[PDB]
Each structure stands twice: as structure tokens, then as C-alpha cells.
């Protein structure tokens, strides 16, 4: 999680898409969905990002519809956005034990207990937090098994990006859980 505000320049694809669904949260606008192989993924937009501005207009107090409407009517050549990096999220670095454990239990993406004497306990991992990213890879909508897999095949350092459940459940309401599994960019960034 970067310590503040950056500008991205976006370009609609040939079909006039950018790859983005946005959600109104506490009078800001937040990234609910980044589509894989979209202009939004290429420029590095992330789940939970805050959009401060769209072409120099502040988003404060916009509806999800107005934000989507503004994106439709943009002069597609060049959309600029002002972005605050995943402000509802934190990153925890843990190290696996020789048994390959970081030392917690999760269910539908949500940490539910921390195991005594673990790297998770030592690093103050919290329950009632949804897993957003593992090693900078988005994992929202993946099955618990596939998250297990990404943890199993991770190296010994595991970086987890988490979000309080109440905030997570506010962001993903009105997005059917198959679109999350199917269409949320789950890939490693390109260079």
C-alpha cells in the first residue's frame, strides 16, 4: 500500500471499455472490479483503490451510476484519473514455519482464527478481515482451495493485503460471486 495519491492515464479499448466497476463508499468512489486484459489492469488499477478525480473533476459524493456515466461520456483518446492506493487495506509480511504454515485459518476469503506461536500471531494478523491480495496477486472470488494453493506454492515470505470484512462486504454487494471468480483480474502484473 503506497503512501498516497498518483495519476494514471487510461485509454478505452477498441470496444470502448476500460475494465472497471466503481462503488460509492462514504462519499468517495472505490474500485469494485478490474477486468483482466483491460486498460485498467495495464495501468495498474487495483480492487479497493480510491478514485479522487476523473479528468480533473472530484468524485466526492457521486453515485456509482454517475461515476459509470462519466466514464461512458469521456473523449476516449485519454482519460486521466487521480488514485489513492487501496486506502481501506493493509499489507502484512509473514514467514512460513518449516511445516510451510504462516499460521491462520480462513473461510470464504475471511481470516477466522490466528494459531498461537505463529508468524501470523507474531505479525498481528487480525480475524474478520477479507484476503484481497497474496504476493501482490488479487485473489478475490477464488475458491478457498485456490487460495490454499497460492499459499502452498508461495516462497517462504508471504505478503497478504487485507481489508476489514464490514468494508469488504460493503464494496462487493451487488456483484454476483461468479463475476468475482470469472472477471476480476487475478493475474500477476505485466512489465
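Residue numbers count along the first chain shown, from 1.
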(message) Per the record, averaged over C-alpha atoms, which has the higher B-factor: 150-158 or 56-64?
(response) 150-158
(request) For the higher mean C-alpha B factor in the entry, choose 172-180 or 21-29. (result) 172-180
(request) Sort 98, 91, 82, 113 by C-alpha B-factor from the entry and give me just the highest. (result) 98
(request) Pull the Cα B-factor of residue 138 out of the PDB entry and bin it into the chain's lowest, middle or highest third. (result) lowest
(request) State the tercile, meaning the lowest, middle or highest third, of residue 123 with respect to the CA B-factors recorded for its chain. (result) middle
(message) When the deposited Cα B-factors of this chain's modelled residues are ordered and cut into thirds, is residue 76 in the lowest, the middle or the highest one?
(response) highest
(message) Split into thirds by Cα B-factor across the chain's modelled residues, where does residue 145 land: lowest, middle or highest?
(response) highest
